[PDB]
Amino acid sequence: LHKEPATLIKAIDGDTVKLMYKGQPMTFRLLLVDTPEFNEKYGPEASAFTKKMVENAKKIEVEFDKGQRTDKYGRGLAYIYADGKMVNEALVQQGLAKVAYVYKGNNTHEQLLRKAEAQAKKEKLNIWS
């Protein structure tokens, strides 16, 4: 897998963000994770967490996996990095997302994310509290 550049257009919620990629606006859904909706418990905290992380980054990157790059709603499916740090992983470490939506062929960073989730659960952070 390889990282590619992108620029923030707008934060949307915990696990979706609008980015400019190859010069085009696109909504990105984070691979392998699930944040609560904004109207659900820990949803506002998830949206805040992602928003802060993407807005403060000097460098946003996109990393596609080996399978489909777009979901059925036209959202790109990627791992997103903020100054070298994976937002998908950071959310899970904080107990602000669960590992979810693990489909075959787009699951390269599954076991990395599971390990973060196990550490979040041990700490009884946020979603695990």
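Residue numbers run from 1 along the displayed sequence.
- Between the stretches 13 to 21 and 114 to 122, it is 114 to 122 that shows the larger average CA temperature factor.
- Higher mean CA temperature factor, per the PDB entry, when comparing 93 to 101 with 41 to 49: 41 to 49.
- Within the group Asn88, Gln68, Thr27, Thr35, the record's highest C-alpha temperature factor is found at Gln68.
- Looking at the C-alpha B-factors along this chain, the one for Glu61 belongs to the middle third.
- When the modelled residues of the chain are ordered by C-alpha B-factor, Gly84 sits in the highest third.
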